[PDB]
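Below is one structure; the comments refer to it alone.
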Protein chains: 4
Amino acid sequence: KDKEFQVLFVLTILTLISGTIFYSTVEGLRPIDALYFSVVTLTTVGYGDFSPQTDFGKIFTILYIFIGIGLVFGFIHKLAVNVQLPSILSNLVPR
Amino acid sequence: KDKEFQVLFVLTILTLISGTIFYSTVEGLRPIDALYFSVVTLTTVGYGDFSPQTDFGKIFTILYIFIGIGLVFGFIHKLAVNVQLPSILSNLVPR
Amino acid sequence: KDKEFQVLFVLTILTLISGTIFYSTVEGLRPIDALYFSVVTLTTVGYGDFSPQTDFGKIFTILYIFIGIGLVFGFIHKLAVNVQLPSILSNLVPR
Amino acid sequence: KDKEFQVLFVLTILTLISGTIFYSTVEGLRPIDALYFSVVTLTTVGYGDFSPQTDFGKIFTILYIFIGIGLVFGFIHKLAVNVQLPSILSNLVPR
Ligand SMILES: [K+]
Ligand SMILES: [K+]
Ligand SMILES: [K+]
Ligand SMILES: [K+]
């Protein structure tokens, strides 16, 4: 279960690095903005303060969403159930 | 399970084609933008760089969301569990 | 299961009517725009082509989201599993 | 189950207070706008009428989303199943 978490963590980082490199390069964003945009996209928040302007970028974004959402939300689920929940329970019992 | 995936894949493509034809025609978008907008809508990202301006478009979008979200997210779930997950597991074991 | 669906359908309509009346009145939107905005909000798409400008509207929106998401997505789930899925299966078998 | 709900309720309030203090301070928002923005972010609506403009804010938002979504949606789930659903069932049976 901690190996579950480690693998999803690594896969999430790799997915976000991919988006960061793509949007910096093709859409001209600063790397920090490309990372922020990738996260805002795959978590489905979608502020729209950044959005792709090129057709290459729009096509990549379609594929990136379909491939990336399942992973990101898998990681969020495991983070909440396997890390946050036990730490919350631990705080309820003094030692 | 591969037939599960094939059917949801075909249904997702048909749903996206419907949106592409509607928004190109009624809202005047380029076909690639109409496809991109349909995906950004049904995955609930919603950047808002495109949004419907006509009342016909707003009404269609209401119905398209309610009909389309369940399918799209069904496909994403099956993609992640039935395709991405086994390929990830396969990479962990050399042959 | 059809009574499950009927009840969630009615509750979803009532929830959307509430939002339509509120945003038309307090935020000055046309009724069709208030309905469209309510749907775009509770399905979490959030284009931002409309958003509340008054403090009353921002406060209402906070509460409306927390109360409304669970219902709307309950209805979407039942629509997809109890209505769309059987109709899709029915199309695969000629009579 | 009512203690389940109480704990998630308190944790949700604390999470929203954190965001309210951060975005008011670093991004200069009025407290009510910072609260509204925090809710619009963690429920994944993401209108984009507010969005972070500083790099500190963008970095915080990335972490806030990953930590906050699992909690918020846990609370929404329990609200809908453990509070809204029984009250709806209660209305169907006069006394
Ligand atoms: K969303
Ligand atoms: K959005
Ligand atoms: K969104
Ligand atoms: K937006």
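Read the numbers this way: they start at 1 and go in the same order the structure lists the ligands and their atoms. Quick note on labels: first sequence line is chain A, next is B, and so on, each numbered from 1.
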Between A:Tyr47 and D:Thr41: side-chain donor-acceptor atoms closer than 3.5 Å: yes

Any N/O/S of B:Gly46 under 3.4 Å from the K ion (ligand 3)? no

May I ask you to check if any N/O/S atom from A:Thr43 comes under 3.4 Å of the K ion (ligand 1)? no

Row for the K ion (ligand 1): angle O (C:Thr44) to OG1 (D:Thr44), 10° precision, value 100°

Would you please indicate yes or no on a ring centroid separation below 6.0 angstrom for D:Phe56 and D:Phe22? yes

Taking atom CG of C:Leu35 and atom CD1 of B:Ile62, what is their separation to the nearest 0.5 Å? 4.0 Å

Vertex the K ion (ligand 3), arms to D:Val45 O and B:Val45 O, rounded to 10°: 110°

Closest non-hydrogen contact found for D:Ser38 with D:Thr20 is OG-N, 3.7 Å

